[PDB]
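Content type compact mmCIF, C-alpha atoms, from the file start-v3.txt:
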```
# COMPACT_ATOMS: atom_id res chain seq x y z
CA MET A 1 -15.20 -14.70 20.15
CA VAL A 2 -14.08 -12.36 17.39
CA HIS A 3 -13.89 -13.60 13.80
CA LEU A 4 -10.62 -12.77 12.11
CA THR A 5 -9.87 -13.85 8.56
CA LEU A 6 -6.15 -14.01 7.88
CA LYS A 7 -5.48 -13.23 4.24
CA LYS A 8 -1.85 -13.52 3.19
CA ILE A 9 -1.15 -11.97 -0.21
CA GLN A 10 2.59 -12.53 -0.64
CA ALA A 11 4.01 -16.04 -0.92
CA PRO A 12 3.45 -18.28 0.75
CA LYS A 13 -0.11 -17.02 0.49
CA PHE A 14 -3.14 -18.39 2.31
CA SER A 15 -6.50 -17.46 3.78
CA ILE A 16 -7.44 -19.00 7.13
CA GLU A 17 -10.43 -18.16 9.29
CA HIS A 18 -10.04 -18.19 13.07
CA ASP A 19 -11.71 -16.97 16.23
CA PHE A 20 -9.72 -14.80 18.63
CA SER A 21 -10.43 -13.26 22.02
CA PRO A 22 -11.26 -9.53 22.53
CA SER A 23 -8.16 -9.24 24.70
CA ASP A 24 -6.05 -11.33 22.33
CA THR A 25 -2.69 -10.01 21.17
CA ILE A 26 -1.49 -9.79 17.57
CA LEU A 27 1.62 -11.62 18.76
CA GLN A 28 -0.46 -14.79 19.10
CA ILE A 29 -1.44 -14.54 15.45
CA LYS A 30 2.20 -14.09 14.42
CA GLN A 31 3.25 -17.12 16.46
CA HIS A 32 0.46 -19.17 14.91
CA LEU A 33 1.70 -18.29 11.43
CA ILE A 34 5.22 -19.43 12.31
CA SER A 35 3.91 -22.62 13.93
CA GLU A 36 2.08 -23.39 10.67
CA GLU A 37 5.29 -23.06 8.63
CA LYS A 38 3.86 -19.94 6.97
CA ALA A 39 6.13 -17.34 8.59
CA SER A 40 9.82 -17.06 9.42
CA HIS A 41 10.09 -14.52 12.25
CA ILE A 42 7.56 -12.29 14.05
CA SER A 43 9.86 -9.36 13.29
CA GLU A 44 9.17 -9.75 9.55
CA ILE A 45 5.36 -9.77 9.97
CA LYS A 46 2.89 -6.86 9.77
CA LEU A 47 -0.89 -7.10 9.78
CA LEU A 48 -3.05 -4.77 7.69
CA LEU A 49 -6.69 -4.01 8.43
CA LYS A 50 -8.25 -2.07 5.55
CA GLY A 51 -5.45 0.51 5.67
CA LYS A 52 -5.49 0.54 9.45
CA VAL A 53 -2.13 -0.74 10.75
CA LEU A 54 -1.77 -3.24 13.61
CA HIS A 55 1.11 -3.59 16.08
CA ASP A 56 2.86 -6.63 17.59
CA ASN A 57 1.72 -6.10 21.18
CA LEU A 58 -1.56 -4.56 20.08
CA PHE A 59 -4.88 -5.91 21.34
CA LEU A 60 -8.06 -6.46 19.32
CA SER A 61 -9.90 -4.11 21.71
CA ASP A 62 -7.36 -1.40 20.92
CA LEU A 63 -7.27 -1.53 17.12
CA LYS A 64 -11.01 -2.30 17.02
CA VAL A 65 -11.88 -5.09 14.60
CA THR A 66 -14.34 -3.52 12.18
CA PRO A 67 -17.33 -5.87 11.63
CA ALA A 68 -17.62 -4.45 8.13
CA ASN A 69 -14.28 -6.08 7.32
CA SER A 70 -13.10 -8.91 9.60
CA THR A 71 -10.31 -9.35 7.05
CA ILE A 72 -6.71 -9.07 8.17
CA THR A 73 -4.05 -8.79 5.48
CA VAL A 74 -0.89 -10.70 6.34
CA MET A 75 2.47 -9.33 5.20
CA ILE A 76 5.57 -11.49 5.72
CA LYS A 77 9.12 -11.37 4.38
CA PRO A 78 10.75 -14.81 3.87
CA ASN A 79 14.11 -15.21 5.60
CA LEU A 80 14.56 -18.71 4.20
CA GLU A 81 16.37 -18.83 0.88
CA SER B 1 -11.55 8.25 -20.42
CA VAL B 2 -8.49 9.80 -22.11
CA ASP B 3 -6.25 8.58 -19.27
CA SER B 4 -2.96 7.86 -21.02
CA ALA B 5 -1.22 6.95 -17.76
CA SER B 6 0.24 3.45 -17.78
CA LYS B 7 -0.20 1.28 -14.69
CA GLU B 8 3.47 0.26 -14.71
CA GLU B 9 4.40 3.95 -14.71
CA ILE B 10 2.19 4.73 -11.73
CA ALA B 11 3.28 1.60 -9.87
CA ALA B 12 6.94 2.52 -10.30
CA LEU B 13 6.12 6.08 -9.28
CA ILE B 14 4.47 4.88 -6.07
CA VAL B 15 7.44 2.77 -4.97
CA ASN B 16 9.83 5.49 -6.14
CA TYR B 17 8.03 8.21 -4.23
CA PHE B 18 7.69 6.16 -1.04
CA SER B 19 11.39 5.26 -1.05
CA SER B 20 12.39 8.91 -1.44
CA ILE B 21 9.94 9.82 1.34
CA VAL B 22 11.46 7.44 3.88
CA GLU B 23 14.86 8.64 2.68
CA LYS B 24 14.39 12.11 4.14
CA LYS B 25 11.80 10.91 6.67
CA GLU B 26 9.16 13.25 5.29
CA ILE B 27 6.44 11.46 7.27
CA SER B 28 5.60 9.78 10.61
CA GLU B 29 7.60 6.71 11.77
CA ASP B 30 4.82 4.14 11.31
CA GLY B 31 3.71 6.13 8.29
CA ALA B 32 6.99 5.39 6.57
CA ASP B 33 6.72 1.75 7.62
CA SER B 34 3.21 1.56 6.18
CA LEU B 35 4.40 3.09 2.90
CA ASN B 36 7.24 0.57 2.73
CA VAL B 37 5.01 -2.45 3.33
CA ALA B 38 2.36 -1.15 0.92
CA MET B 39 5.10 -0.52 -1.64
CA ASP B 40 6.29 -4.11 -1.29
CA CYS B 41 2.78 -5.51 -1.79
CA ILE B 42 2.11 -3.11 -4.68
CA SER B 43 5.27 -4.32 -6.38
CA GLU B 44 3.99 -7.88 -6.03
CA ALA B 45 0.53 -6.89 -7.26
CA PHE B 46 1.95 -5.51 -10.50
CA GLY B 47 4.60 -8.22 -10.69
CA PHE B 48 7.46 -5.72 -10.82
CA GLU B 49 10.47 -5.00 -8.62
CA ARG B 50 10.65 -1.84 -6.50
CA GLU B 51 14.20 -1.34 -7.76
CA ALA B 52 13.08 -1.31 -11.40
CA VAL B 53 12.05 2.36 -11.01
CA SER B 54 14.83 3.73 -13.28
CA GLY B 55 13.90 1.11 -15.85
CA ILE B 56 10.24 2.00 -16.09
CA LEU B 57 10.22 5.73 -15.32
CA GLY B 58 13.73 6.99 -15.91
CA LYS B 59 13.57 10.71 -16.66
CA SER B 60 11.50 10.91 -19.84
CA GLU B 61 9.12 13.33 -18.07
CA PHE B 62 6.64 10.76 -16.76
CA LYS B 63 3.37 12.58 -17.30
CA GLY B 64 0.81 10.32 -15.68
CA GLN B 65 -2.19 11.64 -17.57
CA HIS B 66 -4.97 10.31 -15.35
CA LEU B 67 -7.85 12.70 -14.78
CA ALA B 68 -10.24 9.85 -13.94
CA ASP B 69 -12.90 12.13 -15.43
CA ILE B 70 -12.92 14.30 -12.31
CA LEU B 71 -14.63 17.61 -13.01
CA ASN B 72 -15.67 18.08 -9.40
CA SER B 73 -12.46 19.91 -8.56
CA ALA B 74 -14.50 22.62 -6.88
CA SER C 1 16.92 17.04 -5.60
CA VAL C 2 14.40 19.60 -6.90
CA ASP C 3 11.38 17.38 -6.43
CA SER C 4 8.56 19.86 -6.94
CA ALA C 5 5.78 17.53 -5.81
CA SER C 6 3.66 17.42 -2.69
CA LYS C 7 3.13 14.14 -0.85
CA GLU C 8 -0.54 15.06 -0.45
CA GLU C 9 -1.04 15.34 -4.22
CA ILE C 10 0.80 12.09 -4.87
CA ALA C 11 -1.17 10.26 -2.17
CA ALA C 12 -4.42 11.45 -3.75
CA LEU C 13 -3.16 10.41 -7.19
CA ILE C 14 -2.43 6.90 -5.92
CA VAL C 15 -5.82 6.35 -4.31
CA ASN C 16 -7.46 8.02 -7.34
CA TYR C 17 -5.65 5.85 -9.88
CA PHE C 18 -6.28 2.74 -7.78
CA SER C 19 -10.00 3.53 -7.78
CA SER C 20 -10.02 3.65 -11.59
CA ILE C 21 -7.90 0.48 -11.77
CA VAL C 22 -10.47 -1.58 -9.90
CA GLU C 23 -13.19 0.31 -11.77
CA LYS C 24 -12.44 -1.13 -15.21
CA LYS C 25 -10.70 -4.08 -13.52
CA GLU C 26 -7.38 -3.46 -15.25
CA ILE C 27 -5.74 -5.80 -12.75
CA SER C 28 -6.33 -9.25 -11.21
CA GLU C 29 -9.03 -9.66 -8.54
CA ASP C 30 -6.42 -10.47 -5.88
CA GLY C 31 -4.41 -7.49 -7.09
CA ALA C 32 -7.45 -5.25 -6.73
CA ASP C 33 -7.92 -6.52 -3.18
CA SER C 34 -4.30 -5.64 -2.40
CA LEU C 35 -4.65 -2.16 -3.90
CA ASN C 36 -7.84 -1.65 -1.90
CA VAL C 37 -6.22 -2.36 1.48
CA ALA C 38 -3.14 -0.36 0.48
CA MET C 39 -5.40 2.51 -0.53
CA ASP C 40 -6.67 3.07 3.01
CA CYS C 41 -3.17 2.45 4.35
CA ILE C 42 -1.73 5.32 2.34
CA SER C 43 -4.82 7.41 3.10
CA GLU C 44 -4.40 6.76 6.84
CA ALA C 45 -0.67 7.49 6.62
CA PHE C 46 -1.34 11.00 5.28
CA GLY C 47 -4.53 11.41 7.29
CA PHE C 48 -6.67 12.14 4.24
CA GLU C 49 -9.72 10.47 2.75
CA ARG C 50 -9.71 8.89 -0.71
CA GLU C 51 -12.89 10.92 -1.24
CA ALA C 52 -10.95 14.21 -1.16
CA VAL C 53 -8.99 13.37 -4.34
CA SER C 54 -11.00 15.88 -6.39
CA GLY C 55 -10.24 18.80 -4.09
CA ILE C 56 -6.55 17.92 -4.06
CA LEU C 57 -5.72 16.91 -7.63
CA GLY C 58 -8.47 18.56 -9.61
CA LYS C 59 -7.35 19.29 -13.15
CA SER C 60 -4.85 22.13 -12.74
CA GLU C 61 -2.17 19.94 -14.35
CA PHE C 62 -0.64 17.90 -11.52
CA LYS C 63 2.99 18.39 -12.54
CA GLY C 64 4.45 16.28 -9.76
CA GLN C 65 8.09 16.63 -10.78
CA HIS C 66 9.74 13.97 -8.64
CA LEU C 67 12.98 12.75 -10.20
CA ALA C 68 13.97 11.05 -6.93
CA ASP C 69 17.56 11.60 -8.09
CA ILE C 70 17.23 8.97 -10.81
CA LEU C 71 20.27 9.14 -13.08
CA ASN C 72 20.51 5.41 -13.76
CA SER C 73 17.97 5.65 -16.58
CA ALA C 74 20.43 4.07 -19.01
```
Taking this structure as input, can you express it in the form of structure tokens?
Amino acid sequence: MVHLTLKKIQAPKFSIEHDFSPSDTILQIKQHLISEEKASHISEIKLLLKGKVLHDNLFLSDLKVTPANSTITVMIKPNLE
Amino acid sequence: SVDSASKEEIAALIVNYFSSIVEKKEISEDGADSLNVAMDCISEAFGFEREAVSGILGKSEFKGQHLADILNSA
Amino acid sequence: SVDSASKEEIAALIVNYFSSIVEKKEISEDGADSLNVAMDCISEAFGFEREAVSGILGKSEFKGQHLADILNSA
């Protein structure tokens, strides 16, 4: 299992630690954020990995989760007024 | 040391520059997207609005004097 | 309009300034964290390393004239 720490800067902010699969998709993360009432739509979400940008249908084995980081910055735009 | 560049000035310059860069698409597609998202977060980091550019910078010749004591130019 | 500034220079100025911002800690810890991730984002976008700032900026007076067509400075 790969350790991924989700660190959301913008409000609502949060920092959750979870284990994902090597063949896991970033889409799963996005869905999890919405299911936790932390995100509005997947379309308004972008994950940052120490400068390195991640894509919606991207896989952890593609972007390569750097062990020297394991920190994923969560960027979301609220659609709810 | 003698860096007379204000953070608010630089911050506004960053968001200003990025916006004008995506305007003429002077960079890669995802590159522009990255600049936009970084700009948004930077605005939050400094607690200022991206649209406040003209309020902070304006046109008073924003000379961001920030050498960072770099004498290793060559 | 007549924006006489190179995106390379600006990019280097951002990552250079950011480095000095977290250096003296002129911003909140969380803010520094944000600027640190954004730093590599901008660096990756232009395909340059934050370590090349000296060779880019130097001290030859970085007159990055970038008005961005700002006339609403009143």
(Q) Near chain B, meaning an atom within 9 Å, which residues of chain C appear when counting all atoms listed in the file? Write them as a PyMOL selection string. (A) chain C and resi 7+10-11+13-14+16-17+19-21+26-28+30-32+34-35+37-39+41-42+44-46+53-74
Store the residues picked out above in a file with C-alpha atoms, as a CSV table (one decimal), in the frame of the given file.
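Result written to selection.csv:
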```
chain,number,residue,atom,x,y,z
C,7,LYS,CA,3.1,14.1,-0.8
C,10,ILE,CA,0.8,12.1,-4.9
C,11,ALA,CA,-1.2,10.3,-2.2
C,13,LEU,CA,-3.2,10.4,-7.2
C,14,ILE,CA,-2.4,6.9,-5.9
C,16,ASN,CA,-7.5,8.0,-7.3
C,17,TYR,CA,-5.6,5.8,-9.9
C,19,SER,CA,-10.0,3.5,-7.8
C,20,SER,CA,-10.0,3.6,-11.6
C,21,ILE,CA,-7.9,0.5,-11.8
C,26,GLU,CA,-7.4,-3.5,-15.2
C,27,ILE,CA,-5.7,-5.8,-12.8
C,28,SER,CA,-6.3,-9.2,-11.2
C,30,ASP,CA,-6.4,-10.5,-5.9
C,31,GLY,CA,-4.4,-7.5,-7.1
C,32,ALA,CA,-7.4,-5.2,-6.7
C,34,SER,CA,-4.3,-5.6,-2.4
C,35,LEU,CA,-4.6,-2.2,-3.9
C,37,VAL,CA,-6.2,-2.4,1.5
C,38,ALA,CA,-3.1,-0.4,0.5
C,39,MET,CA,-5.4,2.5,-0.5
C,41,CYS,CA,-3.2,2.4,4.4
C,42,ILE,CA,-1.7,5.3,2.3
C,44,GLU,CA,-4.4,6.8,6.8
C,45,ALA,CA,-0.7,7.5,6.6
C,46,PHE,CA,-1.3,11.0,5.3
C,53,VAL,CA,-9.0,13.4,-4.3
C,54,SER,CA,-11.0,15.9,-6.4
C,55,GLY,CA,-10.2,18.8,-4.1
C,56,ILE,CA,-6.6,17.9,-4.1
C,57,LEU,CA,-5.7,16.9,-7.6
C,58,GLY,CA,-8.5,18.6,-9.6
C,59,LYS,CA,-7.4,19.3,-13.2
C,60,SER,CA,-4.8,22.1,-12.7
C,61,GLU,CA,-2.2,19.9,-14.4
C,62,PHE,CA,-0.6,17.9,-11.5
C,63,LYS,CA,3.0,18.4,-12.5
C,64,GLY,CA,4.4,16.3,-9.8
C,65,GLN,CA,8.1,16.6,-10.8
C,66,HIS,CA,9.7,14.0,-8.6
C,67,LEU,CA,13.0,12.8,-10.2
C,68,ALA,CA,14.0,11.0,-6.9
C,69,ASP,CA,17.6,11.6,-8.1
C,70,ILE,CA,17.2,9.0,-10.8
C,71,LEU,CA,20.3,9.1,-13.1
C,72,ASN,CA,20.5,5.4,-13.8
C,73,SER,CA,18.0,5.6,-16.6
C,74,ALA,CA,20.4,4.1,-19.0
```
Could you fit chain B onto chain C with a least-squares superposition over all C-alpha atoms, matched one to one in order, and give me the transformed chain as a CSV table (one decimal) with C-alpha atoms, in the coordinates of the input?
```
chain,number,residue,atom,x,y,z
B,1,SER,CA,16.7,17.4,-5.0
B,2,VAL,CA,14.4,19.7,-7.1
B,3,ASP,CA,11.5,17.4,-6.5
B,4,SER,CA,8.5,19.8,-6.4
B,5,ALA,CA,6.0,17.0,-6.0
B,6,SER,CA,3.8,17.4,-2.9
B,7,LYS,CA,3.1,14.3,-0.8
B,8,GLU,CA,-0.6,15.2,-0.6
B,9,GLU,CA,-0.7,15.3,-4.4
B,10,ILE,CA,1.0,11.9,-4.8
B,11,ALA,CA,-1.1,10.4,-2.0
B,12,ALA,CA,-4.3,11.6,-3.7
B,13,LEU,CA,-3.0,10.3,-7.0
B,14,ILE,CA,-2.3,6.9,-5.6
B,15,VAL,CA,-5.9,6.4,-4.2
B,16,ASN,CA,-7.3,8.1,-7.4
B,17,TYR,CA,-5.4,5.8,-9.7
B,18,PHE,CA,-6.2,2.6,-7.7
B,19,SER,CA,-9.9,3.4,-7.7
B,20,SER,CA,-10.0,3.9,-11.4
B,21,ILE,CA,-8.0,0.7,-11.9
B,22,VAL,CA,-10.5,-1.4,-10.0
B,23,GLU,CA,-13.3,0.5,-11.8
B,24,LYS,CA,-12.4,-1.1,-15.2
B,25,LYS,CA,-10.7,-4.1,-13.5
B,26,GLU,CA,-7.4,-3.4,-15.2
B,27,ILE,CA,-5.6,-5.9,-12.9
B,28,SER,CA,-5.8,-9.3,-11.2
B,29,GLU,CA,-8.7,-9.9,-8.7
B,30,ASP,CA,-6.5,-10.0,-5.5
B,31,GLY,CA,-4.4,-7.4,-7.1
B,32,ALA,CA,-7.3,-5.0,-7.1
B,33,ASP,CA,-8.1,-6.0,-3.5
B,34,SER,CA,-4.4,-5.3,-2.5
B,35,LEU,CA,-4.6,-1.9,-4.1
B,36,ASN,CA,-7.8,-1.1,-2.3
B,37,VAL,CA,-6.4,-2.1,1.1
B,38,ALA,CA,-3.1,-0.3,0.5
B,39,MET,CA,-5.1,2.7,-0.6
B,40,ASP,CA,-7.1,2.7,2.6
B,41,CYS,CA,-3.9,2.5,4.7
B,42,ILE,CA,-2.1,5.1,2.6
B,43,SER,CA,-5.1,7.5,3.2
B,44,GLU,CA,-4.7,6.9,6.9
B,45,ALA,CA,-0.9,7.4,6.8
B,46,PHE,CA,-1.3,10.8,5.2
B,47,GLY,CA,-4.4,11.6,7.3
B,48,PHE,CA,-6.5,12.3,4.2
B,49,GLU,CA,-9.7,10.8,2.8
B,50,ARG,CA,-9.6,8.7,-0.4
B,51,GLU,CA,-12.6,10.7,-1.6
B,52,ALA,CA,-10.8,14.0,-1.3
B,53,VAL,CA,-9.1,13.3,-4.7
B,54,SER,CA,-11.0,16.1,-6.5
B,55,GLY,CA,-10.1,18.5,-3.7
B,56,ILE,CA,-6.4,17.9,-3.7
B,57,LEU,CA,-5.7,17.1,-7.4
B,58,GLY,CA,-8.6,18.4,-9.4
B,59,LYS,CA,-7.5,19.0,-12.9
B,60,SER,CA,-4.8,21.7,-12.6
B,61,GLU,CA,-2.4,19.4,-14.5
B,62,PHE,CA,-0.9,17.7,-11.5
B,63,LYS,CA,2.8,17.5,-12.5
B,64,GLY,CA,4.4,15.4,-9.8
B,65,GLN,CA,7.9,16.6,-10.4
B,66,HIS,CA,9.8,13.8,-8.6
B,67,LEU,CA,12.9,12.6,-10.3
B,68,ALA,CA,14.4,11.4,-7.0
B,69,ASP,CA,17.8,12.2,-8.6
B,70,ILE,CA,17.6,9.1,-10.8
B,71,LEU,CA,20.1,9.4,-13.7
B,72,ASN,CA,20.4,5.6,-14.0
B,73,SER,CA,17.6,5.5,-16.5
B,74,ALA,CA,19.8,3.4,-18.8
```
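Separating CA of residue 76 (chain A) from CA of residue 49 (chain B) is a distance of 16.5 Å.
Every protein, DNA or RNA residue with an atom at most 10 Å from residue 4 (chain A), where all atoms listed in the file count and chain neighbours fewer than 4 positions away do not, is listed here: residues 16, 17, 18, 19, 20, 21, 29, 60, 65, 66, 67, 69, 70, 71 and 72 of chain A.
All chain A residues having an atom within 8 Å of chain B, based on only C-alpha atoms, amount to residues 9, 10, 53 and 75 of chain A.
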Q. Residues at most 9 Å from residue 79 (chain A), counting only C-alpha atoms, excluding those fewer than 4 positions away in the same chain, as JSON, numbers by chain?
A. {"A": [39, 40, 41, 44]}
Q.
Calculated over all atoms listed in the file, which of the candidates A:80, A:24, A:64, A:5 has the smallest distance to residue 38 (chain A)?
A. A:80
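CA of residue 51 (chain B) lies 25.7 Å from CA of residue 25 (chain C).
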